Amino acid sequence: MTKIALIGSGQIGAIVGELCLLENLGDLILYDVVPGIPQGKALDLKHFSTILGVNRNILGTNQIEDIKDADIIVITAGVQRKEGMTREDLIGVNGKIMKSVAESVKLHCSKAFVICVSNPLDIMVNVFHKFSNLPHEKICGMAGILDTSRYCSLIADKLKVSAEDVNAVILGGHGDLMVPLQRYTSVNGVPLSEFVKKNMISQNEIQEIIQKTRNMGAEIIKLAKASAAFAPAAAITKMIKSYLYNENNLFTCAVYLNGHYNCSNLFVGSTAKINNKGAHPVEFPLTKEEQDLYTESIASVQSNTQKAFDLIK
Amino acid sequence: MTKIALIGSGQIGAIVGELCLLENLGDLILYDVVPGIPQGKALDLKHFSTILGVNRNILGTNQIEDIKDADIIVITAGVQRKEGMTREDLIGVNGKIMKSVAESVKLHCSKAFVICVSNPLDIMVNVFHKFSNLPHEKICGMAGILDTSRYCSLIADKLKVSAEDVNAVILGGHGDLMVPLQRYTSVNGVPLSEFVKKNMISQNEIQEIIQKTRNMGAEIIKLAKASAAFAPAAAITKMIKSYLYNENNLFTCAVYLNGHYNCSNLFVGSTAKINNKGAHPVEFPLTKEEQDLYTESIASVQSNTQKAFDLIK
Amino acid sequence: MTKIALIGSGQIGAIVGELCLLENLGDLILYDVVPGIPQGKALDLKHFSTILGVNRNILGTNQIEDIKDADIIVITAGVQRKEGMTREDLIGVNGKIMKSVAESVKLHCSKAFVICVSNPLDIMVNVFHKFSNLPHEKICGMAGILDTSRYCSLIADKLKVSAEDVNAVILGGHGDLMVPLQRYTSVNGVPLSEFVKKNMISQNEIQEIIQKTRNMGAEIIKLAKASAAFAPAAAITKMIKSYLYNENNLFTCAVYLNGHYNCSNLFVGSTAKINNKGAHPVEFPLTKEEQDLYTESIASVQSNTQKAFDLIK
């Protein structure tokens, strides 16, 4: 009975649709602006479903009114960045597309939980909120779970351990001003600081890893000649799952801050729980230096969000 | 008989129109997309003309077909940057506007000489060339004359001399990668190097001046809460005069390079002569270090020009 | 050595400063209440000066004490009217600002010649006189030259002649009660009445022109979405020139009447000469009907001037 609507049928959207079919999360509605594309991917996904014994319904469509009564909405519509571009270079073109999608969600399914993915991520979440007229808890963007997977993946490689239980918090905008927290990084419970004391990893090796985590999005674009698709989709699916199954998991994602971390009235990457009712920020006690870094990231997201609103007229 | 068409009736356009009326350079056509604005400024400029005894014709219009048979075209249409923004942040919105203007010039007056001013300058000149179908010598952008005026103005102040005969060459993009050439700076003929030997100015004071020249555009935006208008207009007028009167003056402006300075197929800030036939680059013998700096500037302009073409689809 | 102080660094002030630099009339002191604005315009004006080979000094300031020893003072401080407003609607807010400026001039440079421009013009001149404690010949307001340029410009267009030597007298307040004098309108010496006899223009066409001249201020505001700036500045610059160069030109401007045209103890738009010693009214022989119209205008100015003094407590 659950309806999952994918607004954008590119790489990310299709793979999210694939993962949702693998876990039987819901019926799919594959939407795109380009005719034929969603209908063809929906065909391929039905045949996939038949081979793997999944039976959920899949509809490919160019009529956005088919999004009605979606429980979940995943928004990937928009242009992706090429080599040499920043995520912020898409601000003009994607802001306008995000506004249009917002307007469509507004009239067709105002009760949905909305996961935004178009870049630059944090900025586009703010745009969607502005024109959608949905409650702020019902809107978020995925980024932190991707950046955290990259940072944890690198930490795990340097320590010669499974990535499976390396956890971390990364705060801030999905961009160069991310703030990975060493204090909030653990290996099956054991703080990262214990591995520095044991000389298994050095403060310089960690700064290196933080730099690679920042540039990772660009590095994949350079190498693969396309932006990351699989990890983003997995991250999104994890947020969907936490919402549908009321799991109340604690992630980093772009969420409405409201007095948390000395910030108010902005969507930005932060620690949050996701459940039945949506995405809810949680404030943890930062050091001065940590909060300073986080505020600096918040400031960019503030500026660029204003820039985005301005360029929409 | 000469027709001067101002595509854009903001600050810069109006002042250009004013300066053109002061020197009797031609009849004006004031064009803008926004209804009423050009017609009102035209009324003001008529009254100004009556007080100062200038008698040229002035037409304010929203019909871009009135640009027919313009001998000169000055393009200021586009958005200006606000505090905190770079010129490059306008790339998305202005590239689209510049293309549209290009298309209009193409069908309505293909024989005009075209001075582009919309930011980011060098990049927007390349866009205009691409979609206008005009010869490359008939297109340029003003920037170097403005940057030079700033640099020369600061040099003059430090040396306690008249700015009147302080001349200089600044190569490269109108941006943070400008290359002011100390070797090609003189004070009524006397090279700048003579003033360093005489201890009237130091190498550090010069580097300070170069930095202020680079940031000057932003510094005026911060202070005046609007971008510079008088100096840009005067620089534009100087280039118009050099074309109309066949003066063959040697400026820096954004010009088609074609094997000059190891660069081909790009409009970028360079040394050029302007006459009856348009803007013609001239190559001077640079040192390795000078050319290295210039090539680095050229590279940005290359990248960002590609970016601009990409974002136009 | 001449110092010209612009009290108010908006559109008009800056353009006045521009025109003063073009003719080398004096060093500029750009004052405004708003921090940064004059300093930024002064930068732009220096760079303008450098391109055009002008070398006068230009100081942007928020310290009104920098107005000391100004030979000339131009006052544009104040709020401008928007669409649908009359000039008289500013009476409350501008009267207070004018008083403050008066007080500052009083203590910092009592020997200056003062050209007031804030609206409603005639009323604000009277306010400045009251609180400034300067001789009445050393104070005037520009308006007539602007209204005359408009009327002459329209008469020139209808007669298919150069505006260059169409001259006219317009008496009275800068407002709906202007009194253009047909009898005192000539085309290179030839009275307007000769062109009516020759059927080149009709009495109705003239009344039409007079109506457009009255509404012209509002018509620009409507079309350009801002009030006229180039023509007001040129008028101002003309009055500056006539004072500095002792020209003894005969204009219409707001001047202290003292038994002239049956009026005493009021600044109001009238025929005057400007020279070294200030603005001096001159009475010409009016007809009964002309004088009646003029007295009616003078009455409004009287009333509204009283209103202004009242609203200042």
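Residues numbered from 1 in each chain as written, not as in the entry; some residues may be left out. Chains lettered and ligands numbered in written order. Part of a larger assembly, values for the part shown. Heavy atoms only, no water.

Per the deposited record, the coordinates in this entry were obtained by X-ray crystallography to a resolution of 2.40 Å.

Chemist: Before we move on, can you summarise the interface of chain C and chain B with the specific residues and values?
Modeler: Size of an interface: often given as the accessible area lost when the parts come together. Each partner contributes to the interface: chain C provides 46 residues, whereas chain B provides 46 residues. Taken together, both faces of the contact between chain C and chain B bury some 3,600 Å²; the carbon and sulfur share is 68%. At the junction of chain C with chain B, the criterion picks out twelve residue pairs in polar contact. When residues of the side of chain C that touches chain B are traced back to their parent elements, those giving at least two are helix 1 (11-22), helix 2 (37-52), helix 5 (144-159), helix 7 (203-224) and helix 8 (230-244) of chain C. At 13 residues, helix 2 of chain C tops the list of elements feeding residues into the side of chain C that touches chain B. (Contact = heavy atoms within 4.5 Å. Buried area = accessible area lost by both parts, 1.4 Å probe. Polar contact = N/O pair within 3.5 Å; in protein donor to acceptor, adjacent residues only side chain to side chain. Helix = DSSP H or I, 4+ residues; strand = E, 2+ residues; numbered from the N terminus.)

Chemist: Just give me the short version of the relation of the copies chain C and chain B, but keep the residues and values in it.
Modeler: Superposing chain C onto chain B takes a rotation of 180° plus a shift of 0.1 Å along the axis, which leaves an RMSD of 0.1 Å. Given the turn and translation reported, the copies of this chain are related as if by a two-fold rotation axis. No C-alpha of chain C approaches the rotation axis more nearly than that of C:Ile15, which lies at 4.5 Å. Take the interface residues of chain C: 100% of them recur as interface residues in chain B, which is what a same-surface contact looks like. (Least-squares fit on C-alpha atoms.)

Chemist: Could you give an account of helix 5 (residues 144-159) of chain A, with specific residues and numbers?
Modeler: All names here are of chain A. For helix 5, with 16 residues, the first-to-last C-alpha span of 22 Å sits near the 22 Å given by 1.5 Å per residue. Among the 16 residues that make up helix 5, twelve are buried, leaving the element largely enclosed by the rest of the structure. Looking at the buried side of helix 5, the elements it contacts are strand 7 (166-171), strand 8 (179-187), helix 6 (192-197), helix 7 (203-224), helix 8 (230-244) and strand 10 (249-260). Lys160 lies just past helix 5 and shows a positive phi near 60°. (Expected span 1.5 Å × (residues − 1). Buried < 20%, exposed > 50% of the residue type's maximum accessible area, 1.4 Å probe, protein only.)

Chemist: Give a description of the domain arrangement of chain A that names residues and reports values.
Modeler: Residues and elements named next belong to chain A. The domains assigned to chain A are domain 1 (1-143) and domain 2 (144-313). The C-alpha-based centres of domain 1 and domain 2 are spaced at 22 Å. Taken residue by residue, the interface counts 45 residues in domain 1 and 49 residues in domain 2. For the pairing of domain 1 and domain 2, the buried interface totals around 3,900 Å² over both sides, and the portion due to carbon and sulfur atoms is 71%. At the junction of domain 1 and domain 2, the tally comes to zero salt bridges. Taken together, domain 1 and domain 2 are joined by eleven residue pairs in polar contact. Mapped by element, the contributors of at least two residues to the side of domain 1 that touches domain 2 are helix 1 (11-22), strand 4 (72-75), helix 3 (91-108), strand 5 (113-116), helix 4 (121-132) and strand 6 (139-141). Counting residues per element, the side of domain 1 that touches domain 2 draws most heavily on helix 4, at nine residues. Grouping the amino acids of the side of domain 1 that touches domain 2 by side-chain chemistry returns 22 nonpolar, ten polar and 13 charged. (Domains from an automatic or database assignment. Salt bridge = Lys/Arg side-chain N within 4 Å of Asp/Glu carboxyl O. Nonpolar A, V, L, I, M, F, W, Y, C, P; charged D, E, K, R; others polar.)

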